[PDB]
Amino acid sequence: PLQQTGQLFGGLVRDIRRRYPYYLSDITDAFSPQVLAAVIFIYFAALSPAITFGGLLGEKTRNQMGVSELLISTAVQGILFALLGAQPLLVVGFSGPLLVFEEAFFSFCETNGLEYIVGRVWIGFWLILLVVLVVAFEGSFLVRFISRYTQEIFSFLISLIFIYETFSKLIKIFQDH
Amino acid sequence: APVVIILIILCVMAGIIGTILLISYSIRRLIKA
Amino acid sequence: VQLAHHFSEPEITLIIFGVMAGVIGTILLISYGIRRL
Amino acid sequence: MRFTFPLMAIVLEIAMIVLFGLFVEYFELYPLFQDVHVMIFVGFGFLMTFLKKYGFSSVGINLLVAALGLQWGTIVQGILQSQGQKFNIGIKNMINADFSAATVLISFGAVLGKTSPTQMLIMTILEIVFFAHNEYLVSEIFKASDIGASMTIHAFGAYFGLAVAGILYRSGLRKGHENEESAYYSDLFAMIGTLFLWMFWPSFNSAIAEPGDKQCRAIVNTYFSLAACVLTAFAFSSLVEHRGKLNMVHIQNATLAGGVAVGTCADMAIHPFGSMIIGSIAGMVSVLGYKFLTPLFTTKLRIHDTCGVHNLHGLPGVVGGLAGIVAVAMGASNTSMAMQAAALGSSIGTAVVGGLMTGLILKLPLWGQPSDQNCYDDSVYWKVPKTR
Amino acid sequence: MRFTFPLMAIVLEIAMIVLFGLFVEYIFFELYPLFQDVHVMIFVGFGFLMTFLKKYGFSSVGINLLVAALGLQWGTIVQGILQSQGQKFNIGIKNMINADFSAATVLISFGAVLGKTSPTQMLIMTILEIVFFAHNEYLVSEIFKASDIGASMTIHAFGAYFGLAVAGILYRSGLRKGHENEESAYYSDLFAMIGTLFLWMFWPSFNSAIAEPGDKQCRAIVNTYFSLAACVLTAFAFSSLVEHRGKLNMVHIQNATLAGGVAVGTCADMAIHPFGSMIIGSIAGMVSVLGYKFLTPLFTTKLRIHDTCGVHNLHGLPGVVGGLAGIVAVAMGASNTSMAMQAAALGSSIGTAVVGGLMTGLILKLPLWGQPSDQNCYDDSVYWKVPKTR
Numbered sequence: 371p372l373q374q375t376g377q378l379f380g381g382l383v384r385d386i387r388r389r390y391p392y393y394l395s396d397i398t399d400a401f402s403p404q405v406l407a408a409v410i411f412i413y414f415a416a417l418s419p420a421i422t423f424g425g426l427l428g429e430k431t432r433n434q435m436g437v438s439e440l441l442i443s444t445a446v447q448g449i450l451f452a453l454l455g456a457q458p459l460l461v462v463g464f465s466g467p468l469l470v471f472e473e474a475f476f477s478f479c480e481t482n483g484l485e486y487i488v489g490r491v492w493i494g495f496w497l498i499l500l501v502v503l504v505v506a507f508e509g510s511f512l513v514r515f516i517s518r519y520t521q522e523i524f525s526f527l528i529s530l531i532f533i534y535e536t537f538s539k540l541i542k543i544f545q546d547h
Numbered sequence: 059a060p061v062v063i064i065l066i067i068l069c070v071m072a073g074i075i076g077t078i079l080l081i082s083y084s085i086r087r088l089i090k091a
Numbered sequence: 081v082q083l084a085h086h087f088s089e090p091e092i093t094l095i096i097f098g099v100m101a102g103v104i105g106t107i108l109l110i111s112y113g114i115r116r117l
Numbered sequence: 001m002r003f004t005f006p007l008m009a010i011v012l013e014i015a016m017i018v019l020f021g022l023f024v025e026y048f049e050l051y052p053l054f055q056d057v058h059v060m061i062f063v064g065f066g067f068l069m070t071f072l073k074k075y076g077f078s079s080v081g082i083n084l085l086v087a088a089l090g091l092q093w094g095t096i097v098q099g100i101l102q103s104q105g106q107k108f109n110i111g112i113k114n115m116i117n118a119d120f121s122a123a124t125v126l127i128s129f130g131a132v133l134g135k136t137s138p139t140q141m142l143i144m145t146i147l148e149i150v151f152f153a154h155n156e157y158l159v160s161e162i163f164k165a166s167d168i169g170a171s172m173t174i175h176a177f178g179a180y181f182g183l184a185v186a187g188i189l190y191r192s193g194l195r196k197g198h199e200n201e202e203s204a205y206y207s208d209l210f211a212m213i214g215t216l217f218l219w220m221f222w223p224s225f226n227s228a229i230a231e232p233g234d235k236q237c238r239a240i241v242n243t244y245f246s247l248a249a250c251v252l253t254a255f256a257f258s259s260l261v262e263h264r265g266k267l268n269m270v271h272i273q274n275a276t277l278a279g280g281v282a283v284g285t286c287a288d289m290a291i292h293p294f295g296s297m298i299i300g301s302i303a304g305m306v307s308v309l310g311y312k313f314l315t316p317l318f319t320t321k322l323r324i325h326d327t328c329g330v331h332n333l334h335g336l337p338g339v340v341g342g343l344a345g346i347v348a349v350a351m352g353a354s355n356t357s358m359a360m361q362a363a364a365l366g367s368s369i370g371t372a373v374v375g376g377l378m379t380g381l382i383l384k385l386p387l388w389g390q391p392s393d394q395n396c397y398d399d400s401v402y403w404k405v406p407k408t409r
Numbered sequence: 001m002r003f004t005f006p007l008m009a010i011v012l013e014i015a016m017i018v019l020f021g022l023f024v025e026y046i047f048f049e050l051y052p053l054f055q056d057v058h059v060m061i062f063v064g065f066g067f068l069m070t071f072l073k074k075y076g077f078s079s080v081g082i083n084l085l086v087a088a089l090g091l092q093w094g095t096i097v098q099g100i101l102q103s104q105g106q107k108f109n110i111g112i113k114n115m116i117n118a119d120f121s122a123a124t125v126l127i128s129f130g131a132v133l134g135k136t137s138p139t140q141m142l143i144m145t146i147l148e149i150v151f152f153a154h155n156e157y158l159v160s161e162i163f164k165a166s167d168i169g170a171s172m173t174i175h176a177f178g179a180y181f182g183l184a185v186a187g188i189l190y191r192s193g194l195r196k197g198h199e200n201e202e203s204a205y206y207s208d209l210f211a212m213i214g215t216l217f218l219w220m221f222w223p224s225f226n227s228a229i230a231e232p233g234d235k236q237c238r239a240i241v242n243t244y245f246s247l248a249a250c251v252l253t254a255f256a257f258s259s260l261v262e263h264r265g266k267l268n269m270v271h272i273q274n275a276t277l278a279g280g281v282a283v284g285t286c287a288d289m290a291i292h293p294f295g296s297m298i299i300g301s302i303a304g305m306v307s308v309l310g311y312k313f314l315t316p317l318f319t320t321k322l323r324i325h326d327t328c329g330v331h332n333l334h335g336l337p338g339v340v341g342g343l344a345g346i347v348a349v350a351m352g353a354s355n356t357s358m359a360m361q362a363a364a365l366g367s368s369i370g371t372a373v374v375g376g377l378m379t380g381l382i383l384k385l386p387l388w389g390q391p392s393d394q395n396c397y398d399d400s401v402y403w404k405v406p407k408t409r
């Protein structure tokens with residue numbers, strides 16, 4: 371999956387050739403109660419970060435981006451990813467690193483008299499150009515150099531951060547009451 | 059105005075069917091080869 | 081109340097996507113020209 | 001693709017649900054509606070079951086086409102009558118939706134055995150759009166009297182189906198087909214649809230007639246037109262056949278031509294003698310059409326009509342329009358001459374143009390059209406039992 | 001033995017005459052066309068719907084007539100006695116419509132045991148099931164005060180689960196892997212389409228006959244009409260989806276196209292909107308087709324409940340969907356009456372149908388009614404003179 375073809379968008383074509391043949395199985399394999407229980411689990415697991423980061427993005431951006439925008443974006447991108455993606459088991463959503471960027475950018479736009487909402491419209495415009503070029507030149511073949519070393523360091527760090535934030539939320543309740 | 063609405067509904071349905079069939083045909087031609 | 085611009089939202093986004101497509105095509109044609117001569 | 005038909009059916013039904021949610025809001050005519058209902062679903066569907074290996078497709082695709090058709094025709098006709106506003110649903114809306122279904126079924130009779138159910142859904146949508154626009158034009162712009170719809174339903178459906186079948190012409194079927202043949206019990210089953218259409222046609226021509234004298238005349242004139250049509254159709258079937266044997270194709274279809282040809286003049290004061298004259302002429306014309314014009318259309322004009330809908334709906338519908346014009350000439354109605362003539366011309370022309378465009382769409386090899394050898398066969402789209 | 005069937009019928013008829021003389025005395048013409056449509060549904064729709072079996076058409080249509088002819092009389096008597104609390108009563112058009120409704124319930128139950136019972140067994144089933152059905156419909160309409168104008172629970176769910184209980188009691192081990200005579204034929208399927216089309220066309224009269232004149236009756240007619248229209252589309256789509264190579268199945272087209280009429284029954288007179296009726300019809304058709312493909316094979320082999328016509332997929336599951344739809348409609352505020360009372364009607368309908376069906380099937384399991392053998396199941400020749408020529 372990580373080999374370089376040398377053909378423009380060659381990696382993109384291989385991924386569709388690999389996963390889309392299984393599309394019929396991707397509907398019939400879901401007919402089990404475990405899939406429904408996973409739906410109910412991941413619903414809360416995806417809704418709660420959406421609501422909490424929605425409050426923060428709004429508090430930090432004068433509600434220029436808030437809970438409703440985040441919920442709609444999460445829903446639309448999740449629907450389109452499940453319908454078209456090559457690894458449907460991924461869960462698409464906002465994150466911590468992306469909350470810090472919005473605050474830095476909103477502060478930058480506040481310092482320079484810029485509109486944050488229009489700045490992002492231009493950042494998003496440049497994002498489309500970048501990902502088209504990287505996919506065109508099979509730039510995702512560089513992922514093969516991330517071995518189990520880096521993968522497990524990142525995974526353990528992210529799990530530890532998740533547990534720490536979960537406990538800090540309970541700590542913040544005892545302080546408020 | 060009713061004619062415009064009916065033509066709009068026909069355009070929406072035709073566009074939906076055509077887009078779905080185009081996606082299916084593109085996936086088929088990419089997958090068979 | 082929003083400032084009135086010469087290009088509307090569909091017009092301006094079509095312009096931006098067109099310039100983006102031109103840039104992408106230029107880059108792809110340059111890459112095609114290289115690795116051959 | 002085997003998933004094209006369920007995808008289109010589900011998408012069309014979801015569109016119907018959304019359109020009803022957007023446009024639709026909420048008893049003396051209910052028995053007449055039920056008569057028209059029986060005509061739509063039992064009459065046409067079992068009338069088309071004469072083919073020995075296409076009965077399942079005949080009755081089932083009749084049910085499917087008419088079920089989609091009543092919903093889509095409700096939406097389109099209501100939008101036309103409300104000029105894009107919300108509209109309420111009464112018994113008259115249901116009757117008119119059944120009429121739109123009737124038009125689509127008449128066109129289906131022309132392409133029976135050579136089209137897929139997916140093609141039938143597409144034809145239903147497009148044909149109902151064209152039919153509703155032409156019927157609005159006749160009723161509100163021309164303001165012509167077509168209470169039995171010889172022009173707006175029968176002639177329109179026949180020439181729409183003929184245009185579609187002309188576009189969908191197959192060279193391998195011009196000389197005939199081994200599956201294109203009736204059976205004994207198949208013709209017995211077709212008699213059911215024939216008899217129900219014959220019995221309930223007076224309600225077809227009088228359901229939306231103005232209450233009082235017009236509705237009574239629509240009932241009486243239709244009845245006596247059909248009574249004369251039966252005798253003349255029997256007489257002419259024997260006259261065109263060797264040794265004067267009766268042909269079940271003629272007794273199944275030409276016996277109903279009087280109901281078609283009296284539709285324009287149904288509510289008018291043409292008298293029960295005049296209605297019988299119209300019915301006799303309709304039966305004669307229908308029998309002559311089956312025996313001499315259907316081979317001419319199939320072999321020379323390359324227009325194959327499976328059920329002979331040109332002989333039951335087209336020629337008698339034109340005869341009904343001309344009868345309306347002549348009745349206007351002699352004071353039987355207060356409607357104008359030119360508006361009746363314009364209604365006839367607009368119905369035929371709109372039917373031909375819409376059928377051309379619809380058939381051009383149906384000719385794309387995306388709908389699972391049957392092969393030439395597999396025409397008039399249920400097994401292309403149905404599971405068929407092992408024994409008859 | 002040789003005279004069991006005629007003797008039981010003559011005794012039942014004499015009992016009917018005596019009861020009519022003891023209890024029965026003599046808006047009508049306005050409701051008469053709707054009654055005529057319901058009558059056609061009872062005797063032509065249900066009768067010809069079950070003629071799909073290649074060697075059981077005579078018994079299908081003829082036993083449908085015997086059960087319904089007996090059922091109208093017995094249902095008149097039982098429902099009138101229950102309504103009048105044991106007093107003499109006068110019969111009107113409402114009495115005929117309710118008697119035909121009781122006959123419809125018995126015919127739904129008969130659809131489960133078609134081809135495996137004798138006419139004597141069906142006489143006994145008609146007599147017992149009408150008592151059970153009428154007692155429940157009086158409980159649901161008079162004690163729980165629930166709104167079931169189209170009788171998704173009192174007729175369809177009740178009849179289907181009563182028939183399922185009887186079929187489970189009357190289970191045959193030598194019929195779990197099939198039977199040569201259990202199979203359709205081409206012209207048998209065309210006759211079944213006759214029955215299907217008459218039921219489909221006249222179902223609005225079925226759902227609006229007892230409705231309050233005015234807005235409720237018109238709402239029932241419109242809702243049934245558009246629910247059936249949507250149900251046809253979804254039944255065709257899912258029949259194409261679930262079968263091999265996308266071929267349509269005549270079982271689905273004959274039965275699942277009436278699921279919308281079954282399921283809209285509780286919500287028929289309620290203001291759910293035509294679009295809401297279409298959503299119920301679209302689900303009803305989907306659920307009916309999926310039941311016919313997956314649920315019936317499991318019920319027959321894993322559960323030992325063989326249901327010949329698949330009346331669980333047409334009346335059982337869509338009846339429970341209709342009762343649930345009615346509960347959601349009261350919560351939406353479309354209807355009066357409480358949520359708890361609608362739920363009570365659904366539970367009462369199934370519980371009574373299962374208990375009464377168990378006792379009725381235990382009575383029918385006695386070797387006294389001339390029930391056929393596994394070998395002679397689905398064969399007219401056990402009870403009828405069958406012509407040599409098909």
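Protein chains in written order, with the entry's author numbering: chain Z, 371 to 547; chain P, 59 to 91; chain T, 81 to 117; chain L, 1 to 26, 48 to 409; chain Q, 1 to 26, 46 to 409.
C-beta: ideal position from N, C-alpha, C; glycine also.
Near residue i, which residues of its chain fall below 6 Å by C-beta distance, leaving aside the five closest residues on each side in sequence?
| i | result |
| --- | --- |
| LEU336/Q | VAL306 and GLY310 |
Express the C-alpha separation of residue j and residue i in angstroms, rounding to a whole number.
| i | j | result |
| --- | --- | --- |
| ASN355/Q | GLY64/L | 40 Å |
| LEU450/Z | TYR486/Z | 26 Å |
| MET351/L | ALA287/L | 15 Å |
| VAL251/Q | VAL81/T | 51 Å |
| residue 413/L | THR327/Q | This structure gives no information on residue 413/L, because the portion of chain L shown stretches from 1 to 409. |
| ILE112/Q | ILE127/Q | 23 Å |
| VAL505/Z | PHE379/Z | 6 Å |
| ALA59/P | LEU377/L | 25 Å |
| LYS266/L | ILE272/L | 11 Å |
| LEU147/L | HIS331/L | 20 Å |
Between which two residues does the alpha helix (DSSP H) holding residue i run?
| i | result |
| --- | --- |
| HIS271/L | 269-274 |
| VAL251/L | 234-261 |
| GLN447/Z | 437-454 |
| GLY376/Q | 358-383 |
| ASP385/Z | 380-389 |
| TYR190/Q | Careful: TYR190/Q lies outside any alpha helix (DSSP H) and carries neither H nor E. |
Give me the DSSP bridge partner(s) of residue i.
| i | result |
| --- | --- |
| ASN109/Q | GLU25/Q |
| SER203/L | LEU72/L |
| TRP403/L | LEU267/Q |
Could you name the residues of the same chain whose beta carbon sits closer than 8 Å to that of residue i, not counting the 5 residues immediately before and after it, in chain order?
| i | result |
| --- | --- |
| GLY99/Q | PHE23, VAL24, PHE108, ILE110 and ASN114 |
For residue i, which residues from the same chain have a beta carbon less than 7 Å from its beta carbon, with the 5 sequence-adjacent residues on both sides left out?
| i | result |
| --- | --- |
| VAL150/L | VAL97 |
Practice problem: Any chance you could list the alpha helix (DSSP H) runs of at least 4 consecutive residues sitting entirely within the segment 73-161 of chain L, in chain order? | Solution: Along the length of the segment 73-161 of chain L, whole alpha helix (DSSP H) runs at least 4 residues long occupy 76-103, 112-132 and 138-157, reported in chain order.
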